Structures are given as C-alpha cells and as structure tokens.
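Input: a single structure, listed below in structure tokens.
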Amino acid sequence: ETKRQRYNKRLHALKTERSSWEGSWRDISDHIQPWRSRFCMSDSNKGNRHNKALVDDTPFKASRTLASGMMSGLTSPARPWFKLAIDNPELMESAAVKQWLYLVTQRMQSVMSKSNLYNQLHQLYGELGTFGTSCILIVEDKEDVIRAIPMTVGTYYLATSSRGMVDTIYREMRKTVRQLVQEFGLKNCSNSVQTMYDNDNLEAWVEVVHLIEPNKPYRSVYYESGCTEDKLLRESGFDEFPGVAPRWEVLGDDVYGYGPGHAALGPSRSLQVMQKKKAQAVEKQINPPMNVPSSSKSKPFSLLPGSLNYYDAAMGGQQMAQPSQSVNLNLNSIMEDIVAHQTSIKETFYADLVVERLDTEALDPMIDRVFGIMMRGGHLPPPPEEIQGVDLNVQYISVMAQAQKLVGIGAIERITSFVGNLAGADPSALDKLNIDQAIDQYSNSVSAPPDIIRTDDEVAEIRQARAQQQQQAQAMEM
C-alpha cells in the first residue's frame with residue numbers, strides 16, 4: 001500500500017465521522033451566518049449565497065458583535081496583548097535575558113503586525129462563536145514571515161490526539177492552475193494540470209486535498225484528489241503544530257464542540273417564524289381585501305384616489321366598499337414575544353457585554369508556531385547562552401498572569417508608603433528598604449524595557465565612585 005491510499009482512507013474515515021455534524025452546521029449557517037459555511041465544493045467562488053431563511057438578522061448582528069468584542073478584549077490590534085516569559089526566574093534577573101525578551105517581544109509584535117494574522121484571528125473568532133469550532137494555519141512566507149491560511153467550517157476535518165488537543169487536520173481547497181504552478185511548481189503537477197498549463201487554461205479549477213498530521217513532529221502533504229496518479233504534490237515537515245483549533249465547549253473525547261450558535265439555533269428559527277407571521281398580519285391590516293358592492297357601477301378605475309363616482313340614490317343598499325375580513329388584531333402581544341426572543345438571542349451571544357480557553361489553544365500554539373518560524377528565518381537576534389533553544393512561555397497581558405503584577409505594585413506601594421510614612425518620624429526606618437532590589441520587583445511587574453534599570457555592576461561603580469569622590473575632599477578637609 002502506498003501513502004496516497006493511506007491518506008485517502010483516513011480522509012474517508014474522517015468524512016464518515018464528521019457526517020453527523022453537517023446538518024446542525026448547515027442549520028446554523030442558514031439561520032445565523034449564511035455567508036460562512038460552504039460544505040458544497042463546486043460552490044467555491046460561485047457568489048450567490050442569497051439570504052435564504054433570515055428575515056430578521058438579529059442573530060447575525062449578535063454573532064458579529066461577539067466576534068468584535070472578543071477581538072477587542074483579548075487580541076485587540078492595539079499593540080500590547082501578550083508578554084513573553086522563560087521558566088527560570090534567576091535567568092530573567094539577568095539584564096541580558098530581560099533585554100532579549102523585550103527584543104523578541106518587539107520583533108514578534110512587529111512581524112505579526114506586518115502579517116495578515118489579525119484578519120484570520122477575526123475570522124476564527126467569528127466562526128468559533130457561530131459554529132463552535134474553527135481553525136487557521138500559519139506557514140512561512142517570503143513577502144512576510146508568518147502567513148495565515150484561512151478555512152471555513154465544512155471545508156476541513158479534524159481529529160484529536162490522546163492529549164485532547166487537535167492534532168490532525170484535513171481540508172479540501174479548490175485552486176486554479178496558475179496558483180498550482182505558483183506555489184508548487186509545474187514539474188510537480190500531474191499530467192492533467194501540466195497539459196492544462198501548456199494550453200494556457202490558467203483559471204481552470206482543480207480539487208487538491210491538504211492534510212496535516214503528526215509524524216519533524218508533523219508532516220504536511222498535498223495531493224490532487226481528481227488526478228488519481230500516485231505522485232504526490234508536496235511533502236514537508238513541521239516542528240510545531242501549525243493549526244490553531246479553538247473549540248467553544250467540548251463534551252469530552254470529541255473533536256468538535258457546541259457553541260452559542262447551537263444554543264441560539266432554535267430561538268432564531270422561532271423568531272424568524274414569528275417575524276413572518278407578524279409581517280403577514282400587518283400586510284392584512286394595511287392592504288385589506290376590498291368588497292366592492294354591486295349596484296355601485298364600479299368601473300375598474302373607480303377606487304383610484306380623487307375619483308368621483310355617481311350612484312343612484314333610489315337603491316338603498318350599502319353603496320360603499322368594505323373590508324373583506326374583520327381583523328381586530330393587536331400587535332402588542334406578538335411584539336412582546338418578538339422582543340423577548342431578540343433579547344434572549346442577544347444574551348446568548350453576550351451582546352449585552354471559554355474566553356480563557358483561547359489562551360491555551362487559540363493563542364498558545366499560535367505563538368508557539370510563530371515562535372520557531374521567525375527563529376527559523378533568524379528574525380530574532382541569538383539568545384544569551386544562559387538559555388539554549390528553550391521553548392519560551394507566554395504571559396497574556398489581556399487576561400492572564402497579569403493582575404498580580406498590578407497587585408504586586410499595590411503591595412509594593414503600600415510597603416513603600418509604609419517605609420515612606422515613618423520616614424517622617426524616623427530616618428532609621430528607611431534602613432529596611434532594599435531599594436536596589438525594590439526596583440527589580442516593580443520592574444518585572446510594570447512590563448517596562450529592561451534598559452531602564454541599571455545592572456548591579458553599574459550601581460556599585462557609581463556608588464564606589466561617589467564615595468571616593470566624597471572621601472578625597474573630606475580627607476583634605478581633615
């Protein structure tokens with residue numbers, strides 16, 4: 001058996017496993033976000049996607065608001081959203097290590113700034129809030145160090161490792177011949193793609209399956225499903241898992257997780273039906289059917305505004321048109337339930353205002369993936385020899401491992417005030433200050449550049465010079 005047969009078998013297994021979620025995903029797309037999921041393959045780039053079941057788009061606005069709020073809260077494009085750490089404090093106490101950490105912080109942040117990673121973080125958050133499971137890929141690039149590969153729900157398949165993390169990724173992408181020759185090279189393509197290229201059929205589509213699995217620890221494989229030739233497209237290897245696969249909530253030992261879209265699917269459908277019914281009722285109200293009586297001699301253009309009709313006064317019948325049906329409807333009752341359902345849908349998506357979960361799967365391997373790439377491209381200056389290839393740890397200033405730094409400041413401020421307050425009653429109270437050390441504690445907390453804080457040698461030298469400067473003149477005064 002060749003590798004291609006193994007890949008196809010695993011793809012089929014993943015497909016028959018994922019078959020059970022597609023109905024719910026399609027319902028979510030139809031009734032919450034009908035521009036996201038694209039299970040249909042040939043639909044690629046066929047832009048019709050008419051709003052099919054969403055008369056009232058309140059769930060759509062709610063999901064979008066949730067995505068924007070999560071972006072702003074956690075990884076807002078206002079620059080600071082993370083700080084980098086290493087798992088030994090004594091090395092951190094060295095000025096060189098601190099300066100290198102700040103340098104790698106600046107380089108990381110600038111590089112991710114130049115990249116389009118924030119766009120795909122936006123898309124990831126939106127689709128994760130909507131469908132409950134989303135993923136993006138990060139790969140090296142020339143015009144930019146880190147590039148972000150986006151995929152929408154339905155076009156990719158997932159599997160989880162024994163650790164519970166997502167480790168296997170399959171996806172189907174439709175690419176044109178020109179893209180194939182651009183990214184793989186002509187000589188790696190099959191006979192069909194080659195002969196289409198020589199015929200200058202650049203824009204013709206072709207199915208290609210892209211797959212990431214653990215073994216480099218992770219191997220990448222591309223191949224053309226349509227061209228049954230056993231030759232591969234491209235195989236490579238990854239050191240850290242490139243996939244960013246956050247799941248709102250997982251029941252357990254599952255590969256996809258239900259999200260707020262699942263909870264709001266039902267109420268969305270109920271609200272759509274209620275809106276349709278109310279619209280029908282109002283149409284009945286404002287354009288009722290007309291029962292024009294006989295003996296009115298009503299020519300077709302007799303009910304036109306401004307027209308004057310002349311009727312016999314002898315016939316005492318009701319010479320005046322009347323509505324066809326008696327409707328004494330009240331909109332207050334139905335509108336109450338409509339507003340209640342709207343509010344429930346908004347509160348389902350936190351529109352009035354798991355979040356920490358994105359730290360460990362939506363940010364932890366994203367930073368780890370971008371970590372080695374820039375290092376592979378030497379985008380970071382070499383680290384001090386106190387550390388050797390250490391897989392560095394991340395602190396998320398937005399919400400993670402951040403408050404105690406501020407809390408430590410509060411403890412320091414009260415302690416410094418304590419020594420400060422009795423400084424006005426006893427100078428000897430300042431003896432217990434450890435000033436030379438008090439700067440280090442506050443520094444590590446406020447997240448300031450380490451070049452602000454002078455090293456131990458620098459302080460000693462100036463103090464040594466100061467004492468020598470004072471002693472020399474005082475000795476002559478002696």
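Just so we're on the same page: first chain in the structure tokens is A, next is B, and so on; residues restart at 1 for each chain, and ligands are numbered from 1 in the order they show up.
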Neighbouring residues of residue 154 of chain A were defined as those with any atom within 12 Å, considering only C-alpha atoms; residues of the same chain fewer than 5 positions away were excluded. Please report them as a list in words.
residues 15, 18, 19, 20, 21, 22, 23, 24, 25, 26, 28, 29, 36, 37, 38, 39, 40, 41, 127, 131, 133, 134, 135, 170, 171, 172, 173 and 256 of chain A
Any chance you can output those residues with N, CA and C atoms as a compact mmCIF listing (two decimals), in the first residue's frame?
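Result saved to result39.txt:
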```txt
# COMPACT_ATOMS: atom_id res chain seq x y z
N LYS A 15 -14.40 11.78 7.07
CA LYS A 15 -15.65 12.25 6.48
C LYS A 15 -16.85 11.53 7.10
N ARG A 18 -17.43 12.85 10.50
CA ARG A 18 -17.96 14.21 10.57
C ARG A 18 -19.35 14.33 9.98
N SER A 19 -19.85 13.28 9.33
CA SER A 19 -21.16 13.36 8.70
C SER A 19 -22.26 13.78 9.68
N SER A 20 -22.11 13.46 10.97
CA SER A 20 -23.20 13.69 11.91
C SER A 20 -23.37 15.16 12.29
N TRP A 21 -22.38 16.01 12.03
CA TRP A 21 -22.45 17.40 12.45
C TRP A 21 -22.91 18.34 11.34
N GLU A 22 -22.95 17.86 10.09
CA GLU A 22 -23.19 18.75 8.97
C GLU A 22 -24.60 19.32 8.97
N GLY A 23 -25.59 18.55 9.43
CA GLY A 23 -26.94 19.08 9.47
C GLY A 23 -27.06 20.26 10.41
N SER A 24 -26.50 20.13 11.62
CA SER A 24 -26.53 21.24 12.56
C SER A 24 -25.73 22.42 12.04
N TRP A 25 -24.57 22.16 11.43
CA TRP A 25 -23.78 23.25 10.89
C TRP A 25 -24.53 23.99 9.78
N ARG A 26 -25.20 23.24 8.90
CA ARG A 26 -25.98 23.86 7.84
C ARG A 26 -27.12 24.68 8.40
N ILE A 28 -27.19 26.14 11.34
CA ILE A 28 -26.59 27.33 11.93
C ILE A 28 -26.26 28.35 10.86
N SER A 29 -25.66 27.89 9.76
CA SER A 29 -25.33 28.80 8.67
C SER A 29 -26.58 29.43 8.08
N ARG A 36 -20.92 32.07 5.83
CA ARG A 36 -19.71 31.43 6.42
C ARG A 36 -19.51 30.02 5.85
N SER A 37 -20.26 29.03 6.35
CA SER A 37 -20.05 27.62 5.94
C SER A 37 -20.25 27.43 4.43
N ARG A 38 -19.41 26.61 3.80
CA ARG A 38 -19.57 26.30 2.34
C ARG A 38 -19.29 24.81 2.13
N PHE A 39 -20.17 23.94 2.64
CA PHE A 39 -19.98 22.47 2.53
C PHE A 39 -19.88 22.09 1.05
N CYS A 40 -20.74 22.68 0.21
CA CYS A 40 -20.71 22.39 -1.25
C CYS A 40 -19.34 22.79 -1.80
N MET A 41 -18.69 21.89 -2.54
CA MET A 41 -17.34 22.17 -3.10
C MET A 41 -17.48 23.07 -4.33
N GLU A 127 -16.22 32.63 13.43
CA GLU A 127 -16.71 31.30 13.12
C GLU A 127 -16.72 30.39 14.34
N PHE A 131 -20.23 28.68 14.91
CA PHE A 131 -20.36 27.25 14.70
C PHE A 131 -19.76 26.41 15.82
N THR A 133 -16.56 25.68 16.35
CA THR A 133 -15.28 25.07 16.03
C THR A 133 -14.70 25.75 14.81
N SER A 134 -13.44 26.17 14.90
CA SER A 134 -12.80 26.87 13.79
C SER A 134 -11.30 26.64 13.85
N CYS A 135 -10.64 26.90 12.72
CA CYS A 135 -9.21 26.65 12.63
C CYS A 135 -8.59 27.51 11.54
N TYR A 170 -7.41 17.81 8.01
CA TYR A 170 -7.63 17.56 6.60
C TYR A 170 -8.52 18.66 6.05
N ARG A 171 -8.30 19.04 4.79
CA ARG A 171 -9.14 20.05 4.17
C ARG A 171 -9.12 19.88 2.66
N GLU A 172 -10.20 20.32 2.02
CA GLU A 172 -10.30 20.36 0.57
C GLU A 172 -10.35 21.81 0.13
N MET A 173 -9.42 22.19 -0.75
CA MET A 173 -9.36 23.54 -1.28
C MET A 173 -9.36 23.48 -2.80
N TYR A 256 -15.15 18.11 17.79
CA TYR A 256 -15.84 19.38 17.62
C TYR A 256 -16.70 19.65 18.84
```
- Message: I'd like the contact shell of residue 269 of chain A - 7 Å cut-off, only C-alpha atoms, skipping same-chain residues fewer than 4 positions apart - returned as a PyMOL selection string.
- Response: chain A and resi 31+265+273
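The space separating atom CA of residue 240 of chain A from atom CA of residue 81 of chain A comes to 21.9 Å.
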- Message: Please identify the strand (DSSP E) residues within segment 31-202 of chain A (assignment by DSSP from backbone atoms) and present them as a PyMOL selection string.
- Response: chain A and resi 83-85+135-140+146-151+156-160+166-176
Quick one: write out the picked residues with N, CA and C atoms as a compact mmCIF listing (two decimals), in the first residue's frame?
```txt
# COMPACT_ATOMS: atom_id res chain seq x y z
N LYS A 83 2.93 39.20 26.72
CA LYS A 83 4.32 39.34 27.15
C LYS A 83 4.94 37.96 27.27
N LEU A 84 6.23 37.87 26.96
CA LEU A 84 6.96 36.62 26.85
C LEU A 84 7.77 36.34 28.12
N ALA A 85 7.79 35.06 28.52
CA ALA A 85 8.42 34.60 29.76
C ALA A 85 9.26 33.35 29.53
N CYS A 135 -10.64 26.90 12.72
CA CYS A 135 -9.21 26.65 12.63
C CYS A 135 -8.59 27.51 11.54
N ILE A 136 -7.33 27.90 11.77
CA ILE A 136 -6.49 28.55 10.77
C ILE A 136 -5.10 27.95 10.85
N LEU A 137 -4.34 28.12 9.77
CA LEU A 137 -2.98 27.60 9.66
C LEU A 137 -2.00 28.75 9.47
N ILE A 138 -0.78 28.55 9.98
CA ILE A 138 0.30 29.52 9.88
C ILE A 138 1.48 28.87 9.18
N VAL A 139 1.98 29.50 8.12
CA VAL A 139 3.06 28.95 7.32
C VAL A 139 4.08 30.03 6.99
N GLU A 140 5.30 29.60 6.68
CA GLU A 140 6.35 30.60 6.45
C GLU A 140 5.94 31.37 5.20
N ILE A 146 5.29 35.33 8.68
CA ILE A 146 4.19 34.37 9.00
C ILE A 146 2.98 34.67 8.14
N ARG A 147 2.45 33.65 7.47
CA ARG A 147 1.19 33.88 6.71
C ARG A 147 0.08 33.06 7.36
N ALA A 148 -1.18 33.49 7.23
CA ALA A 148 -2.26 32.79 7.91
C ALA A 148 -3.21 32.20 6.88
N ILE A 149 -3.31 30.88 6.86
CA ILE A 149 -4.18 30.17 5.92
C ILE A 149 -5.57 30.09 6.54
N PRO A 150 -6.59 30.67 5.92
CA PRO A 150 -7.95 30.57 6.46
C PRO A 150 -8.75 29.44 5.84
N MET A 151 -9.54 28.79 6.69
CA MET A 151 -10.53 27.83 6.24
C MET A 151 -11.82 28.05 7.01
N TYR A 156 -12.99 21.64 6.13
CA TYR A 156 -11.88 21.00 6.81
C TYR A 156 -12.41 19.92 7.74
N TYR A 157 -11.53 18.99 8.09
CA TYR A 157 -11.84 17.90 9.01
C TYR A 157 -10.80 17.88 10.12
N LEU A 158 -11.23 17.44 11.30
CA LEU A 158 -10.38 17.50 12.48
C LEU A 158 -10.34 16.14 13.17
N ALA A 159 -9.24 15.91 13.89
CA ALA A 159 -9.11 14.77 14.79
C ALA A 159 -8.26 15.21 15.97
N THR A 160 -8.48 14.58 17.12
CA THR A 160 -7.82 14.99 18.35
C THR A 160 -6.84 13.92 18.81
N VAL A 166 -6.17 19.25 19.34
CA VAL A 166 -6.39 18.92 17.94
C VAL A 166 -5.05 18.76 17.25
N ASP A 167 -4.85 17.61 16.60
CA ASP A 167 -3.56 17.28 16.01
C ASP A 167 -3.61 16.90 14.55
N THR A 168 -4.74 16.42 14.03
CA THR A 168 -4.84 16.02 12.64
C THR A 168 -5.81 16.94 11.92
N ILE A 169 -5.39 17.45 10.77
CA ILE A 169 -6.17 18.41 10.00
C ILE A 169 -6.21 17.97 8.55
N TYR A 170 -7.41 17.81 8.01
CA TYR A 170 -7.63 17.56 6.60
C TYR A 170 -8.52 18.66 6.05
N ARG A 171 -8.30 19.04 4.79
CA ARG A 171 -9.14 20.05 4.17
C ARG A 171 -9.12 19.88 2.66
N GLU A 172 -10.20 20.32 2.02
CA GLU A 172 -10.30 20.36 0.57
C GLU A 172 -10.35 21.81 0.13
N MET A 173 -9.42 22.19 -0.75
CA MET A 173 -9.36 23.54 -1.28
C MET A 173 -9.36 23.48 -2.80
N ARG A 174 -10.09 24.39 -3.42
CA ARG A 174 -10.16 24.48 -4.87
C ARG A 174 -9.24 25.60 -5.33
N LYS A 175 -8.22 25.25 -6.11
CA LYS A 175 -7.22 26.20 -6.57
C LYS A 175 -7.12 26.14 -8.09
N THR A 176 -6.68 27.24 -8.68
CA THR A 176 -6.54 27.34 -10.12
C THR A 176 -5.16 26.87 -10.56
```
* Straight-line distance linking atom CA of residue 288 of chain A with atom CA of residue 333 of chain A, stated in Å to one decimal ->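 Here the two named atoms are 21.1 Å from each other.
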Q. Segment 204-403 of chain A: which residues are helix (DSSP H, G or I) by DSSP, as an NGL selection string?
A. :A and (260-286 or 300-302 or 331-348 or 357-376 or 403)
- Item | residue 359 of chain A surroundings by only C-alpha atoms, 12 Å radius, close-in-sequence under 2 positions cut, as a PyMOL selection string | chain A and resi 74-75+81-82+244-247+354-357+361-368+393-401
| message | Given only C-alpha atoms as the basis, pick out the residue of A:467, A:208, A:145, A:264 nearest to residue 222 of chain A. | response |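 Looking at the shortest contact to residue 222 of chain A, the residue is A:208.
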message = Residues near segment 373-390 of chain A, anyone? I mean within 8 Å using only C-alpha atoms, not counting same-chain ones fewer than 4 positions away, as a PyMOL selection string.
response = chain A and resi 86+91+96-97+100+103-104+107-108+139-140+145-146+369
Expected file contents, prior selection, N, CA and C atoms, as a tab-separated table (two decimals), in the first residue's frame:
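Result file result-v7.tsv:
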```tsv
chain	number	residue	atom	x	y	z
A	86	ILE	N	10.21	33.14	30.43
A	86	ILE	CA	11.04	31.94	30.43
A	86	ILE	C	10.99	31.30	31.81
A	91	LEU	N	17.51	33.37	35.67
A	91	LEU	CA	17.97	33.83	34.37
A	91	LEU	C	17.28	35.13	33.97
A	96	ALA	N	20.75	40.76	30.50
A	96	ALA	CA	20.80	40.32	29.10
A	96	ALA	C	19.56	39.53	28.72
A	97	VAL	N	19.10	38.64	29.60
A	97	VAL	CA	17.92	37.85	29.30
A	97	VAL	C	16.68	38.74	29.21
A	100	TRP	N	16.82	40.63	25.96
A	100	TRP	CA	16.50	39.75	24.85
A	100	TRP	C	15.00	39.46	24.80
A	103	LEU	N	13.36	42.43	23.33
A	103	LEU	CA	13.67	42.47	21.91
A	103	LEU	C	12.81	41.49	21.12
A	104	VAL	N	12.67	40.26	21.62
A	104	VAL	CA	11.85	39.29	20.92
A	104	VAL	C	10.39	39.69	21.00
A	107	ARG	N	10.08	42.29	18.19
A	107	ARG	CA	10.17	41.65	16.88
A	107	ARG	C	8.92	40.84	16.57
A	108	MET	N	8.47	40.02	17.53
A	108	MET	CA	7.23	39.27	17.38
A	108	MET	C	6.08	40.19	17.03
A	139	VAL	N	1.98	29.50	8.12
A	139	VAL	CA	3.06	28.95	7.32
A	139	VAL	C	4.08	30.03	6.99
A	140	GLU	N	5.30	29.60	6.68
A	140	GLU	CA	6.35	30.60	6.45
A	140	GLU	C	5.94	31.37	5.20
A	145	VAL	N	7.00	37.10	7.06
A	145	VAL	CA	7.48	35.87	7.73
A	145	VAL	C	6.30	34.92	7.92
A	146	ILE	N	5.29	35.33	8.68
A	146	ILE	CA	4.19	34.37	9.00
A	146	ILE	C	2.98	34.67	8.14
A	369	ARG	N	3.81	28.44	17.25
A	369	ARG	CA	4.07	28.27	15.82
A	369	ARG	C	4.85	29.45	15.26
```
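Distance-wise, atom CA of residue 143 of chain A and atom CA of residue 216 of chain A end up 24.7 Å apart.
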Non-local contacts of residue 278 of chain A (9 Å; only C-alpha atoms; under 5 positions in same chain excluded) as number ranges by chain: A: 273, 283, 331, 334-335
* Can you list, as a PyMOL selection string, every protein, DNA or RNA residue that comes within 8 Å of residue 52 of chain A when you count only C-alpha atoms, leaving out same-chain residues fewer than 3 positions away? -> chain A and resi 30+34+49
Go ahead and save the picked residues with N, CA and C atoms, as a PDB file, in the first residue's frame.
```
ATOM      1  N   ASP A  30     -27.630  28.643   7.889  1.00  0.00           N
ATOM      2  CA  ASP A  30     -28.849  29.172   7.291  1.00  0.00           C
ATOM      3  C   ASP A  30     -29.508  30.208   8.189  1.00  0.00           C
ATOM      4  N   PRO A  34     -25.275  32.920   6.998  1.00  0.00           N
ATOM      5  CA  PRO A  34     -25.366  32.195   5.726  1.00  0.00           C
ATOM      6  C   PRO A  34     -24.252  32.572   4.739  1.00  0.00           C
ATOM      7  N   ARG A  49     -25.225  32.936  -2.739  1.00  0.00           N
ATOM      8  CA  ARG A  49     -25.415  32.919  -1.292  1.00  0.00           C
ATOM      9  C   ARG A  49     -26.534  33.832  -0.817  1.00  0.00           C
TER      10      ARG A  49
END
```
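Proximity ranking of A:66, A:35, A:181, A:77 relative to residue 51 of chain A places A:35 first, based on only C-alpha atoms.
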Of A:111, A:412, A:221, A:370, the one sitting nearest residue 434 of chain A when using only C-alpha atoms is A:412
